[PDB]
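Chemist: Next up, work00.cif (mmCIF, C-alpha atoms and all ligand atoms).
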data_final
#
loop_
_atom_site.label_atom_id
_atom_site.label_comp_id
_atom_site.auth_asym_id
_atom_site.auth_seq_id
_atom_site.Cartn_x
_atom_site.Cartn_y
_atom_site.Cartn_z
CA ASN Q 1 33.09 -56.06 -67.61
CA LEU Q 2 32.77 -52.33 -66.97
CA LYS Q 3 36.07 -52.30 -65.06
CA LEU Q 4 37.76 -54.21 -67.88
CA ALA Q 5 36.48 -51.71 -70.44
CA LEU Q 6 37.58 -48.67 -68.44
CA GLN Q 7 41.02 -50.11 -67.71
CA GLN Q 8 41.54 -51.11 -71.34
CA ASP Q 9 40.68 -47.58 -72.45
CA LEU Q 10 42.95 -45.98 -69.83
CA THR Q 11 46.03 -48.21 -70.04
CA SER Q 12 47.46 -46.47 -73.12
CA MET Q 13 45.89 -43.00 -73.06
CA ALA Q 14 46.61 -42.25 -69.38
CA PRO Q 15 49.14 -44.77 -68.02
CA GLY Q 16 49.53 -44.94 -64.25
CA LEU Q 17 45.88 -44.29 -63.32
CA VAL Q 18 44.68 -47.73 -62.20
CA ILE Q 19 41.01 -48.57 -61.63
CA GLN Q 20 41.00 -50.82 -58.57
CA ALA Q 21 37.32 -51.72 -58.36
CA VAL Q 22 33.79 -51.10 -59.64
CA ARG Q 23 30.44 -51.65 -57.92
CA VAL Q 24 26.88 -51.33 -59.22
CA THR Q 25 23.43 -51.37 -57.67
CA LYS Q 26 20.68 -53.60 -59.01
CA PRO Q 27 18.74 -51.92 -61.85
CA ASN Q 28 15.24 -50.50 -61.45
CA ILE Q 29 13.10 -52.71 -63.69
CA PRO Q 30 9.69 -51.35 -64.78
CA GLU Q 31 6.66 -51.75 -62.55
CA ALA Q 32 4.78 -54.03 -64.94
CA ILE Q 33 7.72 -56.43 -65.23
CA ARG Q 34 8.37 -56.26 -61.48
CA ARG Q 35 4.79 -57.32 -60.72
CA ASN Q 36 5.21 -60.49 -62.79
CA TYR Q 37 8.37 -61.40 -60.88
CA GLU Q 38 6.44 -61.18 -57.62
CA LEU Q 39 3.68 -63.32 -59.13
CA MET Q 40 6.22 -66.00 -60.06
CA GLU Q 41 7.42 -66.21 -56.46
CA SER Q 42 3.82 -66.31 -55.24
CA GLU Q 43 3.38 -69.48 -57.30
CA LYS Q 44 6.53 -71.04 -55.83
CA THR Q 45 4.87 -70.85 -52.40
CA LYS Q 46 1.37 -71.79 -53.57
CA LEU Q 47 2.90 -75.18 -54.36
CA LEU Q 48 3.89 -75.59 -50.71
CA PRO F 1 18.69 -54.71 -50.74
CA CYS F 2 19.17 -58.19 -52.16
CA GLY F 3 17.71 -59.26 -55.48
CA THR F 4 17.11 -62.99 -55.46
CA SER F 5 17.44 -65.16 -58.55
CA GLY F 6 13.65 -65.26 -58.69
CA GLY F 7 13.56 -61.58 -59.59
CA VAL F 8 12.14 -60.40 -56.26
CA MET F 9 13.81 -57.96 -53.87
CA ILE F 10 14.27 -58.69 -50.17
CA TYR F 11 15.75 -56.06 -47.86
CA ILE F 12 18.06 -57.30 -45.11
CA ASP F 13 17.42 -54.83 -42.30
CA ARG F 14 20.78 -55.01 -40.52
CA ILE F 15 24.15 -56.46 -41.52
CA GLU F 16 26.75 -56.08 -38.77
CA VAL F 17 30.48 -56.69 -39.16
CA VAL F 18 32.94 -57.16 -36.29
CA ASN F 19 36.56 -56.65 -37.32
CA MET F 20 40.00 -56.02 -35.84
CA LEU F 21 43.46 -55.10 -37.12
CA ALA F 22 46.80 -56.13 -35.68
CA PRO F 23 48.70 -53.24 -34.06
CA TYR F 24 51.73 -53.55 -36.33
CA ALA F 25 49.65 -52.81 -39.45
CA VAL F 26 48.29 -49.49 -38.14
CA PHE F 27 50.94 -47.34 -39.81
CA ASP F 28 50.44 -48.90 -43.24
CA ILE F 29 46.64 -48.98 -42.97
CA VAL F 30 46.33 -45.30 -42.10
CA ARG F 31 48.93 -44.35 -44.72
CA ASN F 32 47.06 -46.23 -47.45
CA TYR F 33 43.43 -45.46 -46.58
CA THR F 34 43.50 -42.88 -43.77
CA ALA F 35 41.39 -43.47 -40.65
CA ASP F 36 38.19 -44.24 -42.63
CA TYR F 37 39.55 -47.63 -43.72
CA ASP F 38 36.40 -49.26 -42.32
CA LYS F 39 34.12 -47.40 -44.72
CA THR F 40 36.66 -47.71 -47.53
CA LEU F 41 37.13 -51.47 -47.18
CA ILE F 42 34.06 -53.14 -45.64
CA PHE F 43 30.78 -51.26 -45.42
CA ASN F 44 30.90 -49.96 -48.99
CA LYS F 45 31.48 -53.45 -50.42
CA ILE F 46 28.86 -55.07 -48.17
CA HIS F 47 25.90 -54.25 -50.41
CA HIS F 48 27.61 -55.34 -53.63
CA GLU F 49 28.80 -58.60 -52.07
CA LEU F 50 25.32 -59.31 -50.73
CA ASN F 51 23.78 -58.63 -54.14
CA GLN F 52 26.30 -60.95 -55.79
CA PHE F 53 25.50 -63.70 -53.28
CA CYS F 54 21.74 -63.22 -53.63
CA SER F 55 21.65 -63.17 -57.43
CA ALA F 56 22.65 -66.86 -57.47
CA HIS F 57 20.00 -68.00 -54.96
CA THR F 58 16.21 -68.01 -54.78
CA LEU F 59 13.99 -66.40 -52.16
CA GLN F 60 13.57 -69.69 -50.30
CA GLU F 61 17.29 -70.45 -50.22
CA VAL F 62 18.28 -67.04 -48.85
CA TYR F 63 15.29 -66.48 -46.57
CA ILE F 64 15.22 -69.91 -44.92
CA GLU F 65 17.64 -72.59 -46.10
CA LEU F 66 20.97 -70.84 -46.68
CA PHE F 67 20.49 -68.21 -43.97
CA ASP F 68 22.93 -70.29 -41.93
CA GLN F 69 25.55 -69.58 -44.62
CA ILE F 70 24.79 -66.00 -45.72
CA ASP F 71 27.07 -64.62 -43.01
CA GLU F 72 29.88 -67.09 -43.70
CA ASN F 73 29.80 -66.38 -47.43
CA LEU F 74 29.83 -62.61 -46.89
CA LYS F 75 32.66 -62.86 -44.35
CA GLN F 76 34.74 -64.98 -46.73
CA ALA F 77 34.08 -62.55 -49.58
CA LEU F 78 35.23 -59.58 -47.51
CA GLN F 79 38.29 -61.33 -46.09
CA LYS F 80 39.42 -62.54 -49.52
CA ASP F 81 39.81 -58.94 -50.70
CA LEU F 82 41.15 -57.57 -47.41
CA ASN F 83 43.90 -60.20 -47.10
CA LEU F 84 45.38 -59.23 -50.47
CA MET F 85 44.82 -55.48 -50.42
CA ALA F 86 45.13 -54.34 -46.77
CA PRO F 87 46.96 -56.98 -44.71
CA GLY F 88 46.42 -56.86 -40.97
CA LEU F 89 42.72 -56.05 -40.94
CA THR F 90 40.58 -59.15 -40.37
CA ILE F 91 36.83 -59.76 -40.18
CA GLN F 92 36.32 -61.62 -36.91
CA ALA F 93 32.59 -62.10 -37.50
CA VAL F 94 29.56 -61.10 -39.56
CA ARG F 95 25.88 -61.02 -38.66
CA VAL F 96 22.70 -60.59 -40.71
CA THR F 97 19.04 -60.17 -39.80
CA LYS F 98 16.25 -62.11 -41.49
CA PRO F 99 15.42 -60.52 -44.87
CA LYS F 100 12.05 -58.88 -45.36
CA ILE F 101 9.85 -60.52 -47.99
CA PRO F 102 6.90 -59.01 -49.90
CA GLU F 103 3.50 -59.07 -48.24
CA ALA F 104 2.03 -61.53 -50.74
CA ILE F 105 4.81 -64.07 -50.20
CA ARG F 106 4.72 -63.57 -46.43
CA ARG F 107 0.97 -64.20 -46.39
CA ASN F 108 1.33 -67.46 -48.33
CA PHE F 109 3.97 -68.72 -45.91
CA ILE Z 1 5.22 -59.72 -78.90
CA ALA Z 2 3.57 -62.59 -80.78
CA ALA Z 3 6.79 -64.63 -80.79
CA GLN Z 4 6.62 -64.69 -76.96
CA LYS Z 5 2.86 -65.03 -76.58
CA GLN Z 6 3.41 -68.17 -78.66
CA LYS Z 7 5.58 -69.72 -75.95
CA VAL Z 8 3.16 -68.58 -73.23
CA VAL Z 9 0.23 -70.23 -75.02
CA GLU Z 10 2.27 -73.39 -75.59
CA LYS Z 11 3.09 -73.62 -71.89
CA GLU Z 12 -0.54 -73.12 -70.87
CA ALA Z 13 -1.65 -75.84 -73.29
CA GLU Z 14 0.99 -78.20 -71.90
CA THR Z 15 -0.27 -77.51 -68.38
CA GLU Z 16 -3.80 -78.38 -69.49
CA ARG Z 17 -2.45 -81.58 -71.05
CA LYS Z 18 -0.76 -82.64 -67.81
CA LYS Z 19 -3.93 -81.94 -65.83
CA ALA Z 20 -6.01 -84.02 -68.25
CA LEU Z 21 -3.56 -86.92 -68.01
CA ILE Z 22 -3.71 -86.84 -64.21
CA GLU Z 23 -7.51 -86.87 -64.31
CA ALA Z 24 -7.50 -89.83 -66.70
CA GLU Z 25 -5.18 -91.82 -64.43
CA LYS Z 26 -7.41 -90.99 -61.46
CA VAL Z 27 -10.44 -92.34 -63.30
CA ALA Z 28 -8.52 -95.48 -64.27
CA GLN Z 29 -7.53 -96.30 -60.69
CA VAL Z 30 -11.02 -95.56 -59.34
CA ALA Z 31 -12.47 -97.88 -61.98
CA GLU Z 32 -10.01 -100.60 -60.98
CA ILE Z 33 -11.19 -100.41 -57.37
CA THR Z 34 -14.84 -100.35 -58.44
CA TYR Z 35 -14.43 -103.46 -60.57
CA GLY Z 36 -12.68 -105.35 -57.78
CA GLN Z 37 -15.73 -104.50 -55.69
CA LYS Z 38 -17.96 -105.76 -58.51
CA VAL Z 39 -16.15 -109.11 -58.57
CA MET Z 40 -16.57 -109.48 -54.81
CA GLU Z 41 -20.26 -108.62 -55.11
CA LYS Z 42 -20.70 -111.23 -57.83
CA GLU Z 43 -19.06 -113.90 -55.68
CA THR Z 44 -21.42 -113.08 -52.82
CA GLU Z 45 -24.35 -113.21 -55.25
CA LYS Z 46 -23.25 -116.69 -56.30
CA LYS Z 47 -23.21 -117.79 -52.66
CA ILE Z 48 -26.67 -116.28 -52.15
CA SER Z 49 -28.00 -118.17 -55.17
CA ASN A 1 41.89 -64.28 -12.89
CA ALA A 2 40.83 -63.70 -16.51
CA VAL A 3 39.20 -60.34 -15.71
CA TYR A 4 42.33 -58.37 -16.61
CA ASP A 5 42.72 -60.05 -20.00
CA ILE A 6 39.00 -59.78 -20.76
CA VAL A 7 38.89 -56.05 -20.05
CA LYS A 8 42.11 -55.54 -22.02
CA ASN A 9 40.88 -57.36 -25.13
CA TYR A 10 37.36 -55.89 -24.92
CA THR A 11 36.02 -52.85 -23.12
CA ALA A 12 34.40 -53.15 -19.70
CA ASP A 13 31.05 -53.56 -21.48
CA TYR A 14 32.29 -56.83 -22.98
CA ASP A 15 29.12 -58.82 -22.30
CA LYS A 16 27.11 -56.88 -24.88
CA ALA A 17 29.33 -57.62 -27.87
CA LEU A 18 30.24 -61.07 -26.55
CA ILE A 19 26.76 -62.50 -25.84
CA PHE A 20 23.81 -60.21 -26.46
CA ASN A 21 24.76 -59.11 -29.97
CA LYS A 22 25.06 -62.75 -31.09
CA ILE A 23 21.97 -64.03 -29.26
CA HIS A 24 19.62 -63.03 -32.07
CA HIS A 25 21.85 -64.43 -34.82
CA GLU A 26 22.28 -67.76 -33.04
CA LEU A 27 18.53 -67.96 -32.41
CA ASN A 28 17.78 -67.25 -36.08
CA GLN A 29 20.26 -69.92 -37.15
CA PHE A 30 18.61 -72.40 -34.79
CA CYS A 31 15.10 -71.51 -35.98
CA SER A 32 15.95 -71.75 -39.69
CA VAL A 33 16.42 -75.51 -39.25
CA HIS A 34 13.32 -76.30 -37.15
CA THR A 35 9.66 -75.98 -38.08
CA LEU A 36 7.13 -73.99 -36.08
CA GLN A 37 5.80 -77.06 -34.27
CA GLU A 38 9.27 -78.20 -33.19
CA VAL A 39 10.31 -74.82 -31.78
CA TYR A 40 6.94 -74.00 -30.22
CA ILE A 41 6.12 -77.38 -28.64
CA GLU A 42 8.44 -80.33 -29.14
CA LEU A 43 12.02 -79.04 -29.34
CA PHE A 44 11.29 -76.18 -26.92
CA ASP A 45 13.22 -77.69 -24.00
CA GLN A 46 16.34 -77.96 -26.20
CA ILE A 47 16.52 -74.27 -27.15
CA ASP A 48 18.38 -73.43 -23.95
CA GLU A 49 21.01 -76.12 -24.48
CA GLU D 1 7.33 -53.31 -72.70
CA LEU D 2 4.74 -55.95 -73.56
CA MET D 3 7.38 -58.10 -75.25
CA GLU D 4 9.23 -58.17 -71.92
CA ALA D 5 6.01 -58.86 -70.01
CA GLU D 6 5.51 -62.02 -72.07
CA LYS D 7 9.00 -63.25 -71.18
CA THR D 8 8.12 -63.24 -67.48
CA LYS D 9 4.59 -64.55 -68.08
CA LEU D 10 6.25 -67.67 -69.48
CA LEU D 11 8.04 -68.13 -66.16
CA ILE D 12 4.83 -67.76 -64.14
CA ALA D 13 3.19 -70.60 -66.08
CA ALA D 14 6.15 -72.91 -65.40
CA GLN D 15 5.21 -72.78 -61.70
CA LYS D 16 1.45 -72.61 -62.19
CA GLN D 17 1.71 -75.97 -63.96
CA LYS D 18 3.32 -77.50 -60.86
CA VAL D 19 0.56 -76.01 -58.70
CA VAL D 20 -2.12 -77.44 -61.00
CA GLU D 21 -0.42 -80.84 -60.99
CA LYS D 22 -0.37 -80.91 -57.19
CA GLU D 23 -4.04 -79.95 -56.97
CA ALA D 24 -5.01 -82.63 -59.50
CA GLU D 25 -2.99 -85.25 -57.63
CA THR D 26 -4.73 -84.31 -54.38
CA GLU D 27 -8.10 -84.72 -56.09
CA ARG D 28 -6.99 -88.12 -57.41
CA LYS D 29 -6.03 -89.28 -53.92
CA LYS D 30 -9.36 -88.10 -52.50
CA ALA D 31 -11.27 -89.97 -55.21
CA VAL D 32 -9.27 -93.15 -54.57
CA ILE D 33 -10.04 -92.96 -50.85
CA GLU D 34 -13.74 -92.52 -51.60
CA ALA D 35 -13.68 -95.54 -53.91
CA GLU D 36 -12.06 -97.68 -51.21
CA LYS D 37 -14.70 -96.50 -48.73
CA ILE D 38 -17.43 -97.60 -51.13
CA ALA D 39 -15.77 -100.98 -51.62
CA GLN D 40 -15.57 -101.72 -47.89
CA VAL D 41 -19.13 -100.56 -47.24
CA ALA D 42 -20.29 -102.85 -50.05
CA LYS D 43 -18.40 -105.77 -48.50
CA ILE D 44 -20.22 -105.28 -45.20
CA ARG D 45 -23.58 -104.87 -46.95
CA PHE D 46 -23.09 -108.11 -48.89
CA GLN D 47 -22.17 -110.13 -45.81
CA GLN D 48 -25.42 -108.79 -44.35
CA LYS D 49 -27.22 -109.93 -47.51
CA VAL D 50 -25.84 -113.46 -47.13
CA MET D 51 -27.07 -113.63 -43.54
CA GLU D 52 -30.42 -112.27 -44.71
CA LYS D 53 -30.82 -115.02 -47.29
CA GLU D 54 -29.88 -117.73 -44.79
CA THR D 55 -32.62 -116.47 -42.47
CA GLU X 1 -2.30 -36.51 -100.07
CA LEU X 2 -4.46 -39.64 -100.16
CA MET X 3 -2.29 -41.01 -102.97
CA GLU X 4 0.74 -40.74 -100.68
CA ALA X 5 -1.23 -42.11 -97.72
CA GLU X 6 -2.02 -45.23 -99.74
CA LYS X 7 1.67 -45.73 -100.50
CA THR X 8 2.45 -46.08 -96.79
CA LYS X 9 -0.67 -48.19 -96.20
CA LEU X 10 0.99 -50.81 -98.39
CA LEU X 11 3.86 -51.19 -95.90
CA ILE X 12 1.55 -51.48 -92.90
CA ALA X 13 -0.16 -54.35 -94.71
CA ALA X 14 3.23 -55.93 -95.40
CA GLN X 15 3.96 -56.00 -91.67
CA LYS X 16 0.44 -57.09 -90.71
CA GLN X 17 1.04 -60.07 -93.00
CA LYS X 18 3.84 -61.33 -90.74
CA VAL X 19 1.88 -60.48 -87.59
CA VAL X 20 -1.18 -62.50 -88.63
CA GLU X 21 1.04 -65.33 -89.88
CA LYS X 22 2.64 -65.57 -86.44
CA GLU X 23 -0.76 -65.52 -84.73
CA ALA X 24 -2.05 -68.30 -87.00
CA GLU X 25 1.09 -70.36 -86.36
CA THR X 26 0.57 -69.98 -82.61
CA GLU X 27 -3.04 -71.14 -82.95
CA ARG X 28 -1.86 -74.13 -84.99
CA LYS X 29 0.64 -75.11 -82.30
CA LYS X 30 -2.02 -74.81 -79.59
CA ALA X 31 -4.43 -77.00 -81.55
CA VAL X 32 -1.74 -79.62 -82.16
CA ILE X 33 -0.94 -79.75 -78.44
CA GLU X 34 -4.64 -80.16 -77.63
CA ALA X 35 -4.89 -83.02 -80.14
CA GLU X 36 -1.91 -84.74 -78.53
CA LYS X 37 -3.56 -84.36 -75.12
CA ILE X 38 -6.73 -85.97 -76.45
CA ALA X 39 -4.74 -88.84 -77.94
CA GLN X 40 -2.91 -89.64 -74.70
CA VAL X 41 -6.07 -89.36 -72.59
CA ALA X 42 -7.81 -91.75 -74.98
CA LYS X 43 -4.91 -94.19 -74.68
CA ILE X 44 -5.26 -94.28 -70.89
CA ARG X 45 -9.05 -94.57 -71.13
CA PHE X 46 -8.82 -97.54 -73.48
CA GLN X 47 -6.31 -99.38 -71.30
CA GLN X 48 -8.87 -98.91 -68.53
CA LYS X 49 -11.54 -100.31 -70.87
CA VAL X 50 -9.47 -103.44 -71.51
CA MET X 51 -9.05 -103.99 -67.77
CA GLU X 52 -12.79 -103.51 -67.21
CA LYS X 53 -13.61 -106.07 -69.90
CA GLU X 54 -11.25 -108.61 -68.34
CA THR X 55 -13.01 -108.16 -65.00
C1 LIG H 201 50.60 -37.99 -71.96
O1 LIG H 201 50.44 -37.90 -73.35
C2 LIG H 201 51.56 -38.36 -74.09
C3 LIG H 201 51.34 -38.03 -75.55
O2 LIG H 201 50.35 -38.88 -76.07
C4 LIG H 201 51.75 -39.86 -73.83
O3 LIG H 201 52.90 -40.36 -74.48
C5 LIG H 201 51.95 -40.07 -72.33
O4 LIG H 201 52.03 -41.44 -72.01
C6 LIG H 201 50.77 -39.47 -71.57
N1 LIG H 201 50.95 -39.62 -70.15
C7 LIG H 201 49.93 -39.72 -69.28
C8 LIG H 201 50.33 -39.88 -67.83
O5 LIG H 201 48.76 -39.68 -69.62
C1 LIG H 202 49.59 -50.37 -48.36
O1 LIG H 202 49.73 -50.24 -49.75
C2 LIG H 202 50.91 -50.83 -50.27
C3 LIG H 202 51.02 -50.45 -51.73
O2 LIG H 202 49.84 -50.83 -52.40
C4 LIG H 202 50.85 -52.35 -50.04
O3 LIG H 202 52.01 -53.00 -50.48
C5 LIG H 202 50.73 -52.60 -48.54
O4 LIG H 202 50.57 -53.96 -48.25
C6 LIG H 202 49.52 -51.85 -47.98
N1 LIG H 202 49.44 -52.03 -46.56
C7 LIG H 202 48.29 -52.03 -45.86
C8 LIG H 202 48.43 -52.24 -44.38
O5 LIG H 202 47.20 -51.86 -46.37
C1 LIG H 203 43.05 -61.79 -25.52
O1 LIG H 203 43.52 -61.94 -26.84
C2 LIG H 203 44.66 -62.76 -26.95
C3 LIG H 203 45.22 -62.63 -28.35
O2 LIG H 203 46.36 -63.45 -28.47
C4 LIG H 203 44.27 -64.19 -26.58
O3 LIG H 203 45.36 -65.07 -26.67
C5 LIG H 203 43.82 -64.18 -25.12
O4 LIG H 203 43.35 -65.44 -24.72
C6 LIG H 203 42.70 -63.16 -24.91
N1 LIG H 203 42.41 -63.05 -23.51
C7 LIG H 203 41.18 -62.92 -22.99
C8 LIG H 203 40.08 -62.89 -24.02
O5 LIG H 203 40.94 -62.82 -21.80
#
Now, as a test, write the supplied structure out as structure tokens.
Ligand SMILES: *[C@@H]1O[C@H](CO)[C@@H](O)[C@H](O)[C@H]1NC(C)=O
Ligand SMILES: *[C@@H]1O[C@H](CO)[C@@H](O)[C@H](O)[C@H]1NC(C)=O
Ligand SMILES: *[C@@H]1O[C@H](CO)[C@@H](O)[C@H](O)[C@H]1NC(C)=O
Modeler:
Amino acid sequence: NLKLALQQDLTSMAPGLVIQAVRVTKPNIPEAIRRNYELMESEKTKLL
Amino acid sequence: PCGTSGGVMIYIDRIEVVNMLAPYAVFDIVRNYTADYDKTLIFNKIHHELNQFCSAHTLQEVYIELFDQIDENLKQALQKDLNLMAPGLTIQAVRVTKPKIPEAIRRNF
Amino acid sequence: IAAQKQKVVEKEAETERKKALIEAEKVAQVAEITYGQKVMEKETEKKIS
Amino acid sequence: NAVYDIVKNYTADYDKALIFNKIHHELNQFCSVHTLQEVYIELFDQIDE
Amino acid sequence: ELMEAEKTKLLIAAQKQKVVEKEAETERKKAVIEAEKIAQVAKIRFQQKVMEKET
Amino acid sequence: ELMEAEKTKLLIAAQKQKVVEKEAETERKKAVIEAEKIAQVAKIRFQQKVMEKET
């Protein structure tokens, strides 16, 4: 989506400058929310 | 890093790639991407491809079940782009170590 | 916050409901076995009489 | 006879990249399918093969 | 932040319910085994009673 | 100043109205679920009672 947006903006204003690819790292979610995600996975193994 | 669909992060310690390019494509490869084509074409996309693969699988599937297929999926993902963009360079093989899991999950196992 | 705590409370209540149903079925099956035993005991009591 | 071709395709230190870099990956793939008991006790004699 | 904490807390309960179900099922199986034990012990005791009354 | 403080206190009450309404609705839903649990448990118990009376 980000690549599509950038290319759509550029195509007319600055023709000829092509955006081949875009990459992103995984976001840094807050600590409190991250702890719950770990708890969820702890329950998936407590079942085993 | 690899963020599984369960919302937990597992860090794969080492992802190795073994590649090779046919001699006749050397001129074009170095013209297009210089001599750093390895870093430009493989080892910068590795982390994004791994994250994309992990986001659709749970901790169990990546850590245990689909570990037999992590390498094949990553190799196919890399080769799909390389074939179209930089012909000649091929990924002969890929290799991945077992991901590290949080202490709490490791203890339960 | 309340609109989500609502769903959390609903899920916890549903979990309690499932646990109660499992306990009830356990009691039912145990009672079935006990009453089969009672019938056998009564037959033996008839023979003793 | 194949020594010339082997050294041409891969450096003199071929054995590393040809065997001992894949040993750990193959072992992990084998272990992912078998439980601890099978690898430790029962299926142990089949690991070599 | 709390609003987002509740969204994940809903997901934790979805697995905790499975854990609780498994524990309750294990308790049910244990109780059933105990009931069968009692039944068989009673059978033996009552055969003994019949022999007792014959004597 | 207090006259203007009271004017804003009216809005806080307007929002607290919705907050307490949502809390009461959540409690209602929880109570309804508990009642359904009781009903189903009673159904199982009474089927067991019928079987016991047959025996
Ligand atoms: C430069 O700007 C002109 C005037 O808007 C435009 O017509 C032209 O396409 C632009 N070219 C590039 C390469 O940005
Ligand atoms: C080099 O780039 C050109 C133009 O994009 C492309 O047609 C060609 O296949 C590329 N060759 C290699 C070896 O990457
Ligand atoms: C070397 O690579 C060529 C590539 O065509 C292959 O055919 C040949 O068998 C290889 N020889 C070896 C590995 O000794």
Chemist: Can you pull out every residue with an atom within 6 Å of ligand LIG 201 (chain H)? Use all atoms listed in the file and format it as a VMD selection string.
Modeler: chain Q and resid 13 to 15
Chemist: Name the residues, by chain letter and number, that sit within 6 Å of ligand LIG 203 (chain H) using all atoms listed in the file, and give them as a list in words.
Modeler: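 The distance check yields residues 2, 5, 6 and 9 of chain A.
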Chemist: Taking all atoms listed in the file into account, list the residues no farther than 6 Å from ligand LIG 202 (chain H), as a PyMOL selection string.
Modeler: chain F and resi 25+28-29+32+85-87
Chemist: Please report the interatomic distance between atom CA of residue 28 of chain Z and atom CA of residue 34 of chain D in Å with one decimal.
Modeler: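 If I compute the distance from atom CA of residue 28 of chain Z to atom CA of residue 34 of chain D, I get 14.0 Å.
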Chemist: Define the interface residues of chain F facing chain A as those within 8 Å, counting only C-alpha atoms, and report them as an MDAnalysis selection string.
Modeler: chainID F and resid 64:65 67:68 95:98
